[PDB]
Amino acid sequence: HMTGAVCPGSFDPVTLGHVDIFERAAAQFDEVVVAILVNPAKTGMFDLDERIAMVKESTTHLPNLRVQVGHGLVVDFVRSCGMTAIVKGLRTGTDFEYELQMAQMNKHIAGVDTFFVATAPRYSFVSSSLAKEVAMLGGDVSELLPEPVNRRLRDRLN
C-alpha cells in the first residue's frame, strides 16, 4: 500500500536542483530514499561521509525522506528498499539520451521504472560539476546550493 521512490546520484555536492527534485518526489510518494552512489573511478571533491551529511542537512524539511549509501547497481539498491521506482531530475545540460539509456537498462534488468521531472527554472543551470568549477575560481554560486554545502565550500577555500 505504501508507495516509494529512490532518488539516486553521486551528489558531489548536492545542489538546489537536486533538492527541488527531492521535494517533488517527497510530495508524490509516501517515502523517498536518497541513494548516494560514489563512482569508484572518479575521485570527487567530497568524501562519502561529507556527501551524506550535506544531503541530510539540506533535507530536514522533508519528513518522509531518508538518506542511504548504495554500493553496487542502483536497481539492487532500489529493490533492497522494497521499491521499484527511481526519480531523476532534468536540467539545462542533462545528457538526456544517456539518462534514457540507463532508464531502459534499469527496467530491463530489474523491472524498475524511472520518472523524470524538470527542475525549477531558477535551479535549472546548476550542476555539481559546474558549481565546483565556478566556486573554486571564486565565483558566487551560493544562491544555487543549500547552506550546508555553501558552508563546506567556504571551508574548502579556507
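One rule holds for the numbers: they count along the sequence shown, beginning at 1. Throughout, rigid core stands for the largest set of C-alpha atoms superposing within 1.5 Å between the two forms.
(message) After superposing on the rigid core, which of 94 to 102 and 113 to 121 has its C-alpha atoms sitting farther from this form in 8 other deposited structures of this protein?
(response) Relative to the shown form, the greater RMS C-alpha distance in 8 other deposited structures of this protein belongs to 94 to 102.
(message) Comparing against the shown form in 8 other deposited structures of this protein, which stretch has the larger RMS C-alpha deviation after a rigid core superposition, 39 to 47 or 128 to 136?
(response) Clearly, after the core fit, the stretch farther away in 8 other deposited structures of this protein is 39 to 47.
(request) Determine, for stretches 18 to 26 and 139 to 147, which one has the higher mean CA B-factor as deposited. (result) Comparing 18 to 26 with 139 to 147, the higher average CA B-factor belongs to 139 to 147.
(request) Between 7 to 15 and 130 to 138, name whichever shows the higher mean Cα B factor according to the PDB entry. (result) Higher mean C-alpha B-factor: 130 to 138.
(message) Sorting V32, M45, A103, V117 by Cα temperature factor from the record, which one lands on top?
(response) Highest C-alpha B-factor among the listed options: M45.
(request) Check the PDB entry and point out which of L37, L90, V55, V112 has the largest C-alpha temperature factor. (result) Largest recorded C-alpha B-factor: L37.
(message) Sorting by Cα B-factor within the chain, modelled residues only, which third would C81 end up in: lowest, middle or highest?
(response) As the PDB entry reports it, the C-alpha B-factor of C81 lands in the highest third of its chain.
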